[PDB]
Amino acid sequence: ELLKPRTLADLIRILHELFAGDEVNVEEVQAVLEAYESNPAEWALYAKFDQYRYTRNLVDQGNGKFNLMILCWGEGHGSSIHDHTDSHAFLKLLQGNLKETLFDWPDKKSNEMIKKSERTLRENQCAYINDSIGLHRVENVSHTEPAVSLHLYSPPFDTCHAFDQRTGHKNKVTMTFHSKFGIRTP
Ligand SMILES: N[C@@H](CCS)C(=O)O
Ligand SMILES: [Fe+3]
């Protein structure tokens, strides 16, 4: 039974219940993520920015089946075009706006990757992607406002592929944590 998370801590407790089994009800998880009203005081500890690129800040290591982190995007910071390593990926906005651009999986033939669509993800909204849906790029295109997003991945993964927009060629990237549980992890 899905109740509104009152705080980030409450959300985390609810997620441990939603991931107590072996499968994932995506619509339920997205609904409860969207229902949490971002409260900056609750997540300030994890919102550690870097001047030059976006940072990944682990919030909860989950129960073996998921993990929850906060990404901090300076003005103009964005990602590669990337996949999600056969995992579920949820993205909720905590502050600001992000542009999400969708791409199809490339064919083996070298070719420009043409965007299939784009949208602006706004404060408190929760987006979802998986590899069956496609690839995406996420960017803070603002010149004046940093963005903060809450990401849930299930199962957890620490590698993915970046895709070259000119060719569709991919390269494996290992993702690192800027911090864990509020502690900077150089
Ligand atoms: N998957 C990316 C962010 C957009 S989902 C990452 O964890 O670095
Ligand atoms: Fe992503």
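Residue numbering: from 1, along the chain as shown.
According to its header, this structure was worked out by X-ray crystallography, 1.3 Å.
Note: Cβ is positioned from N, Cα and C throughout, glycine not excepted.
Among the features that Swiss-Prot reports, Fe cation binding site is placed at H82, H84, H136. Taking a C-beta cut-off of under 8 angstroms and a sequence separation of 6 or more, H82 (Fe cation binding site) has the following same-chain neighbours: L135, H136, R137, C160, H161, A162, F163, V173.
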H84 (Fe cation binding site): secondary structure state under DSSP, collapsed to three categories: coil
Cβ-based isolation winner (fewest other Cβ atoms within 10 Å) among the binding-site residues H84, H136: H84
